[PDB]
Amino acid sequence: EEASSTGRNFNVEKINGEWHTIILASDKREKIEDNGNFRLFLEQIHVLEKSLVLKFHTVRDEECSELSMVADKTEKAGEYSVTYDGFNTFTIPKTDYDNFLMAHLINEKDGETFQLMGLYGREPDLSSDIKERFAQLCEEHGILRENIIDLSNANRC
């Protein structure tokens, strides 16, 4: 069974736990390239009453650094906000809880904005069919495949 965070049948507790960044995408590709601030490797999501504690690691010169961030629920169901290199809001348009999680984020910094989409897996990689489903969701948001970066060959420290 699949659900969206914005949907009536969403069960937020079910996204608690281990996750790995499999693919990232953006309509501002530099944000997720090598030294981009949004090239984040998710490790776990801790579900709380009104927030999600996101644990990531970033990479610089082949060196991993831990980074934790707290996302608060906003006034719209299924939407979360978090301060990180600007003001961010995100939703989970599709997840099956047991294999994948697809997030759609809007960042706003210095009066600008960009979209980020992420595909996270319970294991360090996902099937090619789920990766294709993610590409389809990115296309629905006007993000070209050339702006989608598979990081499955580089998500471990």
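Start at 1 with the first residue shown and count on from there.
In this entry, 5 to 13 shows the higher mean Cα temperature factor of the pair 5 to 13 and 18 to 26. Look at the mean CA B-factor for 86 to 94 and for 53 to 61 in the entry; the higher one is 53 to 61. You'll see in the entry that, of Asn99, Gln115, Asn35, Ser128, the Cα B factor peaks at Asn35. Placement of the Cα temperature factor of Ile45 within the chain: middle third of the modelled residues, per the deposited record.
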